[PDB]
Protein chains: 4
Amino acid sequence: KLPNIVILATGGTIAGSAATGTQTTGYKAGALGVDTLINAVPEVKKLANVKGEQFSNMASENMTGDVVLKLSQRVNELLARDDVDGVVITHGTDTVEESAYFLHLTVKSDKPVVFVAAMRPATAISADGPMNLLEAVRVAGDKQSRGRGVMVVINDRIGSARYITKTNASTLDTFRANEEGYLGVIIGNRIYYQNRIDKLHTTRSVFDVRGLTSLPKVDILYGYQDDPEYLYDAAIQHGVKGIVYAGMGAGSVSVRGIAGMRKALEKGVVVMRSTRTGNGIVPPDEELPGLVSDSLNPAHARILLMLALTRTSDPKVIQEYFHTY
Amino acid sequence: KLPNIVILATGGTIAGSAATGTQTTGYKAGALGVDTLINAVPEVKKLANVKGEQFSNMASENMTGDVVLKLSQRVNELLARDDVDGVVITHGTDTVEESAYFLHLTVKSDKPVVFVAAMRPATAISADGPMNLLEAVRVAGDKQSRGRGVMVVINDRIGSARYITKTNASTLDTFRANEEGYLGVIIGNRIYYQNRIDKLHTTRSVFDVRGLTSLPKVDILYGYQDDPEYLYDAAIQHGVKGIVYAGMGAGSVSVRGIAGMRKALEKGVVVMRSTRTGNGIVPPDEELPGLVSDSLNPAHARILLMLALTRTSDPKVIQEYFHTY
Amino acid sequence: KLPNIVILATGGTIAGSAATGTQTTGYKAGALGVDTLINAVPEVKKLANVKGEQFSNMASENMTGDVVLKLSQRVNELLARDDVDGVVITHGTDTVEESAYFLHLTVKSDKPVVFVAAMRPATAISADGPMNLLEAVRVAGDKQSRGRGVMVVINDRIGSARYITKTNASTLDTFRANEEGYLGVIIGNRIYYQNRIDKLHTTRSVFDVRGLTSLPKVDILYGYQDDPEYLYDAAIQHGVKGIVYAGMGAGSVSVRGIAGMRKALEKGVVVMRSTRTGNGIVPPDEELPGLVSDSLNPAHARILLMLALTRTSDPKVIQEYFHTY
Amino acid sequence: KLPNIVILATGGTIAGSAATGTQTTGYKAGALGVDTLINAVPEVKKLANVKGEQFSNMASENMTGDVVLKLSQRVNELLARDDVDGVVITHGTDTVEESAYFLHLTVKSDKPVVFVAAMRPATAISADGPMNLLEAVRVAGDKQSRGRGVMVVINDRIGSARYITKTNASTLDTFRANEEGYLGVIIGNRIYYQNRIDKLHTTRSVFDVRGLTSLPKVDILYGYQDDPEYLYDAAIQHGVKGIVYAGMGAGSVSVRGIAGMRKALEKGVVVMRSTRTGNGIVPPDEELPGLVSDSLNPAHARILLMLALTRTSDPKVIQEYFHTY
């Protein structure tokens, strides 16, 4: 029989629309309901028994920790039922790497959780959303997909929430993991799996959102020539618990940045040095302040740091998380 | 006869050293002098008549607008003489894209200006520095190289200062221009040119640094879920003339970021929306505040914005610059 | 007023169809007529005055030199008229790099010649064909596009016929030029040009097809472990004028391949060593037999070799062509 | 205590040399002995107890199935001993993907088998071989490396024999797996593992070389415009058991190629359709003759087809191998 898939809608461009079919920019995201989306691709109903639920309807640049936290709890609830085999979450592309990674760390189930997005509005000529959604359901309902961590499906590719990121401001093929590749690809309606991530996630994660009602405050500061120190003062003075530094090269700091970090440290703020480059490993360096983000980019590093702080503030333990998650 | 090339040293990993040949991280950058570098690769002296000049010796994360401005003026002086055919600038990798792009816009000569860097210390096993320097001089002395804008040479590739960027925190092949490719490659001691950038630069640029002693203050703020508004207040309150926003997706802003931008606007601060993604075009959008950066990434966009402000503050003219430079 | 664009159809997947909207493989290419294509995207008629002409209707794997030669002559005729500003050629994806490069070398006009293809059948959910065609016409009608050589437009990118190639058997984003990047991109209905190829083409090419009725015979042989020598004998014995060798690494040959090449040489067959790798430069090597293909891949190298032979058989002159075209 | 690593040398550029340090092309591969290599990087002796064995000394374009078969048997012997923890095989770059994949399928051990190569001669300025060898030994001796299949280590990257391939004729960063990424990377002397391939290999493979003295004959034929049919006749007439077809796009065949394949089929020859593109999935198509290679490229597909024929000639079983290995 067909598997039972629930399609949780949060908004995004995949549900956006513009006045004309040639308008691919300046459209309104989160304008259509989940059912309109489902009826656009009726074929979806032959791959599984789908049920659409409207969790929200916004542009992903406005997604917040509060909402992501509730989204995570809602998905844990659904996955606990016996009449739910998998979940597909329609989301915006802009911050899908952030929400997808948060759930990658907090969903306590082996059942597939697949995020799907689209770079073109649903009203666009050659809109990518329909096929993306169709592929997402297919992946969600396949039993080969269990235990692979949270996945992002778009443009025939299946990426891990831990490595996948939006690398181009506006192309269809924007989502890639340059050094880590894709978990698999969907060609001709067959799924081809190629990798399994060698990291901890989902059912083997220590992070638990059941019981939380708010998350620690973590900001991201950029590293560049002449980077100001006052931005660190500002962050501290506003009660941030952690600071993710999108540094030059391999988390390199200027004299001004070092001053700001030392200050944040003597104030109890956790400093996580990452990179602005876009890919790669930020290796340990005792000569420099703060922890290092391993291969986590700024956006992902902020997510893992927020969660880590809901467990400990021990630098030694947090550094461990960053090398295993 | 051999061409006359001047090698201006500013420091960087290409002049760094560590206690052991297997230490590739945690070393000391800007530790060796230009002459030590020149003598390490004597072959260089058969490709041209070289003269080394020590401009500075620092880790590039500490390079500042002041030093870059003087560097730019120094290179204009040298290129004005008849006994100088080209210049090779040894620089750190971390902010080479910023310094190289600054000179790309302010050097008033058709003569080759080549930046060279290295990802491994000079004391490392398989240090890339020697061959990079050799290739740099070769490119600088070739007459085919005139009029191509400022170039960055490393790992057998020749990249435009306008497109090239450091994409990986720590690999040798870190420098790439995903959508724009390389101007050319150096294989087997022959130079293969393949592209000419379709942008304005050097001798056809309107920016002039002769006469300036300081640059406008421009900061970069990051875009992410829950991004704070107070960082905008902080920047404004510290007298920044412009703000480069490394936005989500195609320069998308959250409600908090929009508030902060509007505020900066009513305070006379120029707002330039760019992208944190790493590649791509941030297209115009009248629904949103600020200008758009075309394909300029945050680091490059800050450099062009600083220079534009030394000429005008007209949003219409600055937006033009961003589409032509 | 609107520019006059002619849309020459040759078949391909962009004109293919399958029984269901979810069938993306095993469909029938070259099934729809140019007018069906034009009417699918009416918006096209607001960008220019279009006239469709049905040149052929086949799957591109069956395109041959004869048909490409006639196609080239047909386009030269059309571009010679005053009421034609540009031409858009719908073609299959499989051998578009070969046909596009052939015309890149033989069309004697500065007017835009744009090839457009599609990876999904026209009857597919999220078919890429409509938007590709729309973008193609836009590029063809823009005056900024003159003198850039033949272009291939697909998936929002504009690639040079000389560098572009199909790198993936079946993804939408299959067309790339890893080392050379794209000439430009089309985002939000604006065209962003970034490069100009530094090679000879179109109006500055020495190759002329007016008057030819057939082309020299050139085959491609692969290089691998245990590659046989008898395939060279076979090719020679079948009257080939040239042999493009898709070699291991930088055009490396095994003892068996060297025997076969020497044999072909003493038989008057021109041997062009290329690479099977996919990208890069095959540098000169006097220790080995045959000419080297510069950065031309096997498919492109065969096209330039066929044309070169319609002019000379001088190894010295052909090698020159390969470094300038 | 230190692990016991054996370094089997087969030749290659990593052991090559040229008259000058600036000569990176036209050098002599397989010119130095394993001990010269070992003494060049003495640091290697602090990472493990190494023993060099000279299996051969040739340029990899001349490596053959016979030799690869013996190499595979020799490695199985060594890995069976208790005083051997891992093996590092120095090999040429040109056909390392072929030898590495052959062993990936026939080595019956969980112990690390690491292939290392180099793009620059050992006598070159900035030769990459030393650091590559150092990294290879480190990976071989780390216990985290067991059970990962055969690996190729070069340029700080660790790639799976199944996905890794040489993508550029002559750059240092030539080895990549565009869609599959790397198994891990080596930065700052620490190994960072990120993926585990989701394919069968080594101890879970059905292919056994113990007892074989020769391998089935398999050739590769290229697909392109005007591809001749006589090449198929030639292959058949020379007793090939299988034919790997490097086809256009997704294994597409011309009418001539179809004629040749049908002929090969009625003669008992197994036809495996692959792609010339360089990456991707060749999906099943009942409308076309022969089997499909999944994501295996021509070079890898030939290796798996040779081995498959040493077990069966059943099309249904061989097609299964191609989807699981």
# chains A, B, ... in the order shown; residues from 1 in each chain; ligands from 1
>>> residues_around(residues="residue 181 (chain D)", least_positions_apart="2", cutoff="6 Å", atoms="only C-alpha atoms", output="MDAnalysis selection string")
(chainID A and resid 179:181) or (chainID D and resid 177:179)
>>> interface_residues(of="chain B", to="chain C", cutoff="10 Å", atoms="only C-alpha atoms", output="number ranges by chain")
B: 157, 163, 176-190, 192-199, 280-285, 294-295, 323-324
>>> write_last_selection(atoms="C-alpha atoms", output="PDB file, in the first residue's frame")
ATOM      1  CA  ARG B 157      45.514  29.823 -12.375  1.00  0.00           C
ATOM      2  CA  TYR B 163      35.778  37.828  -9.774  1.00  0.00           C
ATOM      3  CA  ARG B 176      38.025  30.287  -7.700  1.00  0.00           C
ATOM      4  CA  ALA B 177      35.403  32.286  -9.583  1.00  0.00           C
ATOM      5  CA  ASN B 178      32.611  29.705  -9.921  1.00  0.00           C
ATOM      6  CA  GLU B 179      30.482  31.567 -12.477  1.00  0.00           C
ATOM      7  CA  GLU B 180      33.197  33.607 -14.157  1.00  0.00           C
ATOM      8  CA  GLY B 181      36.080  31.181 -14.504  1.00  0.00           C
ATOM      9  CA  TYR B 182      39.731  32.195 -14.797  1.00  0.00           C
ATOM     10  CA  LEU B 183      41.320  34.732 -17.155  1.00  0.00           C
ATOM     11  CA  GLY B 184      43.853  32.033 -17.994  1.00  0.00           C
ATOM     12  CA  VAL B 185      46.049  29.183 -16.764  1.00  0.00           C
ATOM     13  CA  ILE B 186      49.830  28.549 -16.662  1.00  0.00           C
ATOM     14  CA  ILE B 187      50.710  25.006 -17.740  1.00  0.00           C
ATOM     15  CA  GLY B 188      54.200  23.865 -18.708  1.00  0.00           C
ATOM     16  CA  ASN B 189      55.608  27.404 -18.583  1.00  0.00           C
ATOM     17  CA  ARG B 190      53.263  28.683 -21.322  1.00  0.00           C
ATOM     18  CA  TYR B 192      46.983  30.305 -21.853  1.00  0.00           C
ATOM     19  CA  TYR B 193      44.598  33.275 -21.794  1.00  0.00           C
ATOM     20  CA  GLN B 194      40.944  32.428 -22.239  1.00  0.00           C
ATOM     21  CA  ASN B 195      38.841  35.403 -21.081  1.00  0.00           C
ATOM     22  CA  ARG B 196      38.849  39.179 -20.832  1.00  0.00           C
ATOM     23  CA  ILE B 197      36.544  40.628 -18.189  1.00  0.00           C
ATOM     24  CA  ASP B 198      33.690  42.708 -19.518  1.00  0.00           C
ATOM     25  CA  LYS B 199      33.972  45.334 -16.746  1.00  0.00           C
ATOM     26  CA  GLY B 280      25.416  35.188  -7.993  1.00  0.00           C
ATOM     27  CA  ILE B 281      23.487  38.315  -8.835  1.00  0.00           C
ATOM     28  CA  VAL B 282      21.503  40.389  -6.347  1.00  0.00           C
ATOM     29  CA  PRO B 283      18.899  41.866  -8.730  1.00  0.00           C
ATOM     30  CA  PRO B 284      17.116  45.207  -8.274  1.00  0.00           C
ATOM     31  CA  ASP B 285      13.940  45.229  -6.164  1.00  0.00           C
ATOM     32  CA  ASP B 294      25.204  43.071  -8.850  1.00  0.00           C
ATOM     33  CA  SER B 295      27.658  40.118  -8.634  1.00  0.00           C
ATOM     34  CA  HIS B 323      26.840  47.450 -12.581  1.00  0.00           C
ATOM     35  CA  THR B 324      29.924  48.538 -14.519  1.00  0.00           C
TER      36      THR B 324
END
>>> closest_residue(among="D:26, D:33, D:63, D:175", to="residue 288 (chain C)", atoms="only C-alpha atoms")
D:26
>>> atom_distance(atom1="CA of residue 278 (chain B)", atom2="CA of residue 249 (chain A)")
13.9 Å
>>> select_by_dssp(residues="region 184-241 of chain D", states="strand (DSSP E)", output="JSON, numbers by chain")
{"D": [184, 185, 186, 187, 190, 191, 192, 193, 195, 196, 197, 218, 219, 220, 221, 222]}
>>> residues_around(residues="residue 96 (chain B)", least_positions_apart="5", cutoff="10 Å", atoms="only C-alpha atoms", output="number ranges by chain")
B: 12, 60-61, 63, 89-91, 101-102, 115-117, 152, 161, 164-166
>>> residues_around(residues="residue 275 (chain A)", least_positions_apart="5", cutoff="12 Å", atoms="only C-alpha atoms", output="VMD selection string")
(chain A and resid 220 to 224 244 to 253 280 to 283 292 to 301) or (chain B and resid 94 166 to 170 276 278)
>>> residues_around(residues="residue 209 (chain D)", least_positions_apart="4", cutoff="8 Å", atoms="only C-alpha atoms", output="PyMOL selection string")
chain D and resi 69+72-73+106
>>> closest_residue(among="A:226, A:53, A:233, A:286", to="residue 65 (chain B)", atoms="only C-alpha atoms")
A:226
>>> residues_around(residues="residue 132 (chain C)", least_positions_apart="5", cutoff="9 Å", atoms="only C-alpha atoms", output="JSON list (two decimals) with C-alpha atoms, in the first residue's frame")
[["chain", "number", "residue", "atom", "x", "y", "z"],
["A", 126, "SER", "CA", 9.20, 26.70, -15.97],
["C", 116, "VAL", "CA", 18.94, 26.74, -26.97],
["C", 117, "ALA", "CA", 18.15, 23.28, -25.69],
["C", 118, "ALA", "CA", 16.34, 21.63, -22.77],
["C", 137, "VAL", "CA", 15.27, 35.19, -27.69],
["C", 153, "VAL", "CA", 21.75, 29.56, -23.53],
["C", 154, "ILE", "CA", 20.21, 27.27, -20.95],
["C", 155, "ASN", "CA", 19.40, 27.29, -17.20],
["C", 156, "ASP", "CA", 19.89, 31.10, -16.88]]
>>> atom_distance(atom1="CA of residue 1 (chain B)", atom2="CA of residue 158 (chain B)")
24.5 Å
>>> select_by_dssp(residues="region 48-279 of chain C", states="helix (DSSP H, G or I)", output="PyMOL selection string")
chain C and resi 60-62+65-80+96-106+129-141+143-145+202-204+230-236+255-265
>>> residues_around(residues="residue 269 (chain C)", least_positions_apart="4", cutoff="9 Å", atoms="only C-alpha atoms", output="list in words")
residues 236, 239, 240, 241, 242, 243, 261, 263, 264 and 265 of chain C
>>> atom_distance(atom1="CA of residue 311 (chain A)", atom2="CA of residue 68 (chain A)")
18.2 Å
>>> closest_residue(among="B:138, B:108, B:238, B:74", to="residue 22 (chain D)", atoms="only C-alpha atoms")
B:138
